[PDB]
Amino acid sequence: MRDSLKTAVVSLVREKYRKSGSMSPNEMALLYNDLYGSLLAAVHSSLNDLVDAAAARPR
Amino acid sequence: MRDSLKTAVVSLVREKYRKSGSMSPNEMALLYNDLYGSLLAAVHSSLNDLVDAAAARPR
Amino acid sequence: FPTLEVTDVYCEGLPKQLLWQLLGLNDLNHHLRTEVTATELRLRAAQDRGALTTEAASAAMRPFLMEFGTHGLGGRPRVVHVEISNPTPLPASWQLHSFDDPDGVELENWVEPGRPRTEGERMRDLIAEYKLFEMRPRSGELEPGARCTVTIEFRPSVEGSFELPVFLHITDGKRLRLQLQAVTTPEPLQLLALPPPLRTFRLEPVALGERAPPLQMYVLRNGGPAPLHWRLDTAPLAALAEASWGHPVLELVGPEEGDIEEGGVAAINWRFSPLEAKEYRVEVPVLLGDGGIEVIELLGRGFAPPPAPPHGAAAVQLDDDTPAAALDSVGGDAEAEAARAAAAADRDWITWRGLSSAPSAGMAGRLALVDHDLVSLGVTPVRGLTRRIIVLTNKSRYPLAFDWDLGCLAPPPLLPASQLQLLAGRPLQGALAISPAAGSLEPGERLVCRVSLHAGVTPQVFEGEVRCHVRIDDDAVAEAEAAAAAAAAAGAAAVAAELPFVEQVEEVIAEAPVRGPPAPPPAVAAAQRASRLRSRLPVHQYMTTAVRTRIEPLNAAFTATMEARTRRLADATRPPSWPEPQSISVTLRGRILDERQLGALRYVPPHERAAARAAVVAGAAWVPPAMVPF
């Protein structure tokens, strides 16, 4: 899982995050948070189908 | 392919172990393990470089 | 100063690392290497003019223990082959001396040493009487770089304990005392392999916040007596956990108990997860089948790693291994590197200067040689397939069957990547394999054997032993004999073709006059007469019938001499070949390390840090991917 997801995540990062710039450590940390949040949002969007399909009441 | 590699193998033996390209088992004895380790390390490095070229690693 | 060094030691069915540790040869090599030798001059002066005495010399010379352990009564004697070499350019003359033993003096009607009345000297005298401890070369001399191949053997024929002090006594140089200590048990009493380096197992320092502490393997050997039933009380470890705010530290992973067979190997895995930089001294007991303590002390420390950087400011990736700067980089603590050095001296045989990691001793009498003993598998990633090659050569003129066995290294009944759970409960947490499992080998034929290790998900440090069994190939030798018989039959057929239908008398029926064998030609008769006159019975020992009748003891002596001459033929007729099957063994040590630990060089030894950095920066270790389940 780690290997395949690492390849996918590298592809994603090259796809979206290539602005770069001054790149101070604080802004780099913010960029890492941004990419992590994007990954989480993508996972949630992909899994929303099964989440809705689950017997729990769909809110 | 083995015959193609054998010349470079002889050259590496002579360079690393000062055995004057000894294909004789007796002289190059006590060096088989190290020679095989170095050769396999080189082969693995080449294979990994080709793999990264096929799928660009951020390395 | 002309000195000596032990390069390697060979013994039957015992790891070379274990033998070196048991004999404490690290201290011996260090002392023989460097010493001012202030008091040794006085010792030599006392040896001159005969002032020295064994007891005073032992009291003043700081003996080193040559531990042979315990031997079952009647078991096979134990042999120790030690290779002695001259590191110094000056040729070195050495004389194993012990005043109890003869000092090259001719004894003529001198009564043997009387009743000692002190049991220590009595045990010494029984050792002398029954040749329990014997060193074959005794005094020797070596040119620079020569090898002496000294042999010291112990004969477990008597009951009880036996301690015999001898000393090396280099002609010009240091004189160190070796105390051969052994016990021969008439009864089976389990005694676990208890070398001083193993009693206080120096745990490798580990990261305070390590996600997965590296499994560290501890190997127990039964020794001489009957199989050992061991059980380790976890209660002290539980007390340590309770003291450490309820956190698991120094956890045992394998089984709490086990049954090591005689001369066996049992591996126990420890997880050291520290909470402080302080020393973690924890003492655990080992209850045997019979009453016993065999207590074991585990010592480790905290790594105190550099603070983990925030993700924003991380060291980008695409320092010398040898210097002590490498040790300091592996643990900023002052005593962390001290603990690492202690653990290296305890377990890493490579760092020991004297040891050669070569077959060395035992050249005569060994069926086969591994070209390179004491092989080290390199540091490997999590799921790493690391290979090495070991070549075996048949010195024997006889074919040899070569079988491979793993003591605690056996694979679970290479491994599928998805189904690595099979490694659970296995001491290695890897799959060792060898390309020839069992192959025949002709004399003077060298075979390459690829040892491959496929590691699992749990970081580990293994120092295991793999056995190779060599036996004389009965099938091959019988086939050779059968081929010779077929050739003889073909020759007989050719002779029959030459002479058609040679008559052979089948049997005789009532040959009325008794007919003797046909008379040989006179030349053949003379040759047979000469053969009979050869091996003629000695003159002084041939008793005529008259003398035998007159003197009964002479008749008995004649009968005894006849019996002896008949017996002499049997030993010659017996084929003295086919020696006993021989088990050689090779120690393999490796470091299964996580990706984070490899990248930070957290646990790679300084000796291999260059290889570790190579494997990290440029892929040098294979990771067999197989196929993903999904």
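What follows is calculated from the coordinates using simple rules that are stated; it is not laboratory data. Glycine gets a Cβ as well: all are built from the backbone with ideal geometry, and neighbour counts include every protein chain shown.
Highlighted here are the helices (runs of 4 or more DSSP H) found entirely within region C:535-624 that include at least 2 residues which are surrounded by 13 or more Cβ atoms within 10 Å (Cβ to Cβ): C:552-573, C:595-600, C:609-617. Across region C:1-47, the qualifying residues are those that are under 27 Å from the mean Cα position of the chain (by Cα) and among the acidic types (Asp, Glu), and the one among them that is farthest from C:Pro144 (Cα to Cα) is C:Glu12. Looking at this structure, is C:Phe68 touching a strand residue (DSSP E or B) at 6+ places or on another chain (Cβ under 6 Å) and crowded, with 16+ Cβ neighbours inside 10 Å? It is true that C:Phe68 is touching a strand residue (DSSP E or B) at 6+ places or on another chain (Cβ under 6 Å) and crowded, with 16+ Cβ neighbours inside 10 Å.
Summed over region B:17-45, residues that are surrounded by fewer than 12 Cβ atoms within 10 Å (Cβ to Cβ) and either at the interface with another protein chain (Cβ under 9 Å from one of its Cβ atoms) or not in a loop (DSSP other than H, G, I, E, B) (or both) total 1. If the condition is being of a type in the set (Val, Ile, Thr) and over 21 Å from C:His469 (Cβ atoms), then region C:357-393 contributes C:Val379, C:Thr380, C:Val382, C:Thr386. Taking the criterion of being farther than 12 Å from C:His71 by Cβ, small (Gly, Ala, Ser) and assigned to a strand (DSSP E or B), the only residue of region C:128-165 that qualifies is C:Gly140. Region C:377-479 holds strands (runs of 3 or more DSSP E) entirely within its bounds, and those carrying 1 or more residues that are within 14 Å of chain B (Cβ to nearest Cβ) and in contact with a helix residue (DSSP H, G or I) (Cβ under 8 Å, 6 or more places away or on another chain) map to C:385-394, C:446-455.
Which residues, counting only those in region C:359-373, are touching a strand residue (DSSP E or B) at 6+ places or on another chain (Cβ under 6 Å) and either among the polar types (S, T, N, Q) or farther than 19 Å from B:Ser38 by Cβ (or both)? Lay out the reasoning, then the answer.
Of region C:359-373, the ones touching a strand residue (DSSP E or B) at 6+ places or on another chain (Cβ under 6 Å) are C:359-362, C:367-371, C:373.
Residues satisfying the conditions are C:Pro359, C:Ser360, C:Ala361, C:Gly362, C:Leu367, C:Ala368, C:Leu369, C:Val370, C:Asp373.
Taking the listed residues C:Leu208, C:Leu192, C:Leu198, C:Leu178, the one that is within 21 Å of the chain's Cα centre (by Cα) and part of a loop (DSSP other than H, G, I, E, B) is C:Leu192, with no other qualifying. For region A:1-16, the set of residues classified as more than 14 Å from chain C (Cβ to nearest Cβ) and surrounded by 13 or more Cβ atoms within 10 Å (Cβ to Cβ) consists of A:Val10, A:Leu12, listed by residue number.
So if I check each of C:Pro323, C:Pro309, which one is within 14 Å of chain A (Cβ to nearest Cβ) and either in contact with a strand residue (DSSP E or B) (Cβ under 8 Å, 6 or more places away or on another chain) or closer than 23 Å to C:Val206 by Cα (or both)? Quick ask: steps written out before the conclusion?
Numbers: C:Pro323 fails: within 14 Å of chain A (Cβ to nearest Cβ).
Criteria check complete, one pass: C:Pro309.
So C:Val105 clears everything in (1) touching a helix residue (DSSP H, G or I) at 6+ places or on another chain (Cβ under 7 Å); (2) of a type in the set (A, V, I, L, M, F, W, C); (3) surrounded by fewer than 12 Cβ atoms within 10 Å (Cβ to Cβ) except one condition, right? Which one? It is condition (1) that C:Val105 fails.
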